[PDB]
Structures are given as C-alpha cells and as structure tokens.
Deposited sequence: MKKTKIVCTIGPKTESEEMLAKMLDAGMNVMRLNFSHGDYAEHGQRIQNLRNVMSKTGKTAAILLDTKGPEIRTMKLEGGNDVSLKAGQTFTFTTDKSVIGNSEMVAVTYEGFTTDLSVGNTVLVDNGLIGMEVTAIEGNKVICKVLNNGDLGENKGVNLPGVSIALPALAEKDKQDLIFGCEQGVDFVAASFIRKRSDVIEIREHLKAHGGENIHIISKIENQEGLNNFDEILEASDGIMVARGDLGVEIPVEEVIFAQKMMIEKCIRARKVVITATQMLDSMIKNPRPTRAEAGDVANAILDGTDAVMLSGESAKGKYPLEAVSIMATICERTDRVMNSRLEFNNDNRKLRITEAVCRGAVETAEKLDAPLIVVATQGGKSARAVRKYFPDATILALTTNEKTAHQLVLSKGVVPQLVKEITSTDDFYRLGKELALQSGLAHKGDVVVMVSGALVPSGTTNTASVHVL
C-alpha cells in the first residue's frame, strides 16, 4: 500500500458523513479545516461527521486546524474597477485605510509598511503580478516606481521579498480559532506566515494557556524570512508545512526546488513530520484527471522524503474531489514502493532505531512494532525510511491520531502496556490482527525499558 500520508482540505461538498467515509477509503488520512473561511458551527459539524464516521467505520484519522494568519492587503479602487499600471510611473501606497484607490495610489492595512521597508526594497502586489521599487518614504504615504505593467484589482495581497516584516505573529481572529481548536480537541494546528521562532512560541503559549499543550504545532514556511530562520523555526515547531506557492512569490524561482528539498531533509534529520503543499493537483478543481506535470511534482515530493502531501481546493471545493484523492493515492503507492531505506546516522535512540531498521531489512521483516507515548519512537524509526510498515502501539489517544501524519506509520490504540515482555506479547497478537504480517514473518519490536518516555533504547526480533 501507500506510506505517504494525504491531507485533504474538507469543504461544503466533502463535509457529509457519506463523503468523508469515501474520502478516507480513497486514501485521505488527515482532515484539514481552513479557517480562512467558515464559521465555528460549520467546522464543528465537519469535525463531528468525521468522528461519527471514524467511530462507526473504525478507521483512524487526524484533524488539522490551519490559521488564517497575518497578511498585508490592498483595498478598493474608485468604482470598484481594476486599474492598469504602466512601468516607470510613480505609484504610492498610503496607510490611511479610508482612502479609495486609483491609478496613482492605493491604501494598505498595515502601518508598519514605512518602518519595515527602506528605499531599494521591492513591493509585490497580487501574488507577484505587479512589482514596484520603493524610492522614498514620507509620513503616511509610500512612494514607489513601478517596475512592470499589470492590472491592479481590489483587496490584493502584498509581498516584500527578502524584507524583515514586523507583523504580529497572529491576528486576533486567529487567537479565537485556536481556542476553538483546544475545545474541540484537535490533533494538529498549522500556523500561517511563521517568520521567526518568536512566532512559534507565541502560539505555543496560547495553546498552553487554554489546554493545547498536547496539540502538535505545524509551522507554515512561506517566505525568505521564514527560510532564513528556518533552522530555529524547526527547532521550535513540532513539524513543518512547505507552502511552495507562496515562497515562489518571495524568492528566486530556481531556489524554490532546493528550498523544499533542504527543509524536507532537515525535518527528516530532526524526526519531525513534514507536509508538502500548494500547487499539488490544482488543475483538478475543474478536471477529472491531473497534468503530467502535477503528478511528477508530487512524485518528486515523495522522493525528496515528505511524510505527507496536501490537497487544498482540489478536495474542499473541487468538482472532482474524490477522484483527486484517489489519483493521489495512486501516485503515492507507485512512488512509495521504489524508494529505499536511509540507514545513515550519537543518541541512544538514534543508534537503536537505526539498527532495528537495518535488522528488519536484514531479515525481510514486513513489520516493525513500536511502543510509544508521545510518538517520538515511531518517528525515530521513520527517519530511516524502513521498507517495513510501522505499527505504533500507544495508550495516548492524541498520539494515535497525530501519528496518522507520519510517513509509513499505522497507529493502533491499546488499553495498556505493563512491561517490556507484555509489549512483545501484545504486539505479536496485534501484528497478526493488523493483517500486515502473517505467521512465519519476522517482526522487530522497539520500546523504551526502564527509561523516561523521551528515550528509545530497546530492540527485539520475534517470529509470528
């Protein structure tokens, strides 16, 4: 089967119990709820239909909450009509949010435009459609020299490549969505426009302040500032989502492929889950089959090493959402089956988990059984891309859902684990029940014995 996990953004056409039941059947693993739109009654009902489907069907899934996040936007123009800009003209941005725009001026929502920017910096409007150079800055106006032609519309996003922007890490609306996340008991939170480590902690504080300590934080990297602080941002998050489309607006186009690859590699080396997202199968919002391009992009993303691939509009609003998940599952299976283990890499956990993967492959073990509380143990084996499927045994309900996103992982919640010998017994029974192994197969069993929950130190080889 496939090992790479599929995040599906759920929307009006896919929030029914009947659809979610088939969305999982087709390969969906994590439900994404995009709070950029929708209201608390909408999502809470979507959450309920899934937990209804899971309870009745017996399948497992995770639920991810994604924040709107901070952003800079233009506003309206006179007559609400587009305006055509010409290169070389002088253009001006104003802080005054009460101004209606025109061909010489438009208003912006963030006052720190003047302080953060400096003469020589570039300003990009509407996903980089129109670019401009800042030539002078005065009070409540920002003077620019237009660099390229384009049609400016109303309420368009603005980007400042290579510039340290001083936005708040979260908007006030974000704070309320996060709190709703804690009340619902969500498993993951993906936070938009994370630029620096301080941003990651502020979310962690807020979740800690409302019972979201056991919630894993997924930081979305979207610009060069985030990329520049990526190492620190990874250290502070529980995982990463690579938002390739947005970064493409911020950095040289040929670096994006090497930005995604590095980040995947660094998440792998760190035993932290990674999602590759945006411009995945966009051509399928309207079409029943994807491009040659889209599938190859996805296939290179799995070969880079990502844990998960994410469907956005394709599944929340698309006209062929079920076909999108299904073909994604076909791409993942086809791509996952020709990848090899990565047995390189002094922690005790690292030495033990890496050796167990080599031993699994040295014995053609179809399954590596892992006892985990917080999930680090299943993620330590995953770093080595084992051919074996990882059945992770836990009593912690959150852990089981969160491992739904880790590559190659099959979570199974169990009542209790009393000792090291019990783990081997219980795991042996369950290895047969899971159907992934059979009598006569070898399994490798990883646990921590007489050590804290944070370390993995034991490896044992059993026959089923």
Problem set entry | Deposited-sequence stretches lacking C-alpha coordinates, listed in sequence order | 346-351
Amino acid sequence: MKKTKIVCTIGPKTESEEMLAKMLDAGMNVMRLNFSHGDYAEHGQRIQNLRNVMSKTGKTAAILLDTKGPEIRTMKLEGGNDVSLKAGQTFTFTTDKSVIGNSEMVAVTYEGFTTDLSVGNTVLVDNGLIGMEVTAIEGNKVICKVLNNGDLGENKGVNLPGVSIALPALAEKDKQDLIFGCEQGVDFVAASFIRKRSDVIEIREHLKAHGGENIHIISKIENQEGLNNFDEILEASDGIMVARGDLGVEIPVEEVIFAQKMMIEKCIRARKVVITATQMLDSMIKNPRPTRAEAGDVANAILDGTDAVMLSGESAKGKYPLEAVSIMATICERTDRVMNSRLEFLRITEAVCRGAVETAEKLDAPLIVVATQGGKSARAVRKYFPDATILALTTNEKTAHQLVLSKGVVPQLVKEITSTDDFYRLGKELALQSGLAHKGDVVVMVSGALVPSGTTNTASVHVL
From here on, numbers count along this sequence of modelled residues.
For this session: For the higher mean C-alpha B factor in the entry, choose 138-146 or 365-373.
Result: 138-146
Seminar exercise, completed: As the entry reports it, the stretch among 399-407 and 432-440 with higher mean C-alpha B factor is 432-440
Exercise. Among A259, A169, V274, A378, which residue carries the highest C-alpha B-factor recorded in the PDB entry?
Worked result: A169
Exercise. According to the deposited entry, which of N340, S219, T291, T94 has the largest Cα B-factor?
Worked result: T94
For this session: Tell me, lowest, middle or highest third: where does the Cα B factor of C182 rank within its chain?
Result: middle
Exercise. Taking the C-alpha B-factors as the PDB entry records them, is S447 in the lowest, middle or highest third of its chain?
Worked result: lowest
Problem set entry | Relative C-alpha B-factor of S312, binned into the chain's lowest, middle or highest third | middle
Problem set entry | Cα B factor band for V53 (lowest, middle or highest third within the chain) | highest
For this session: Sort the modelled residues of this chain by their C-alpha B factor and say whether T14 lands in the lowest, middle or highest third.
Result: middle
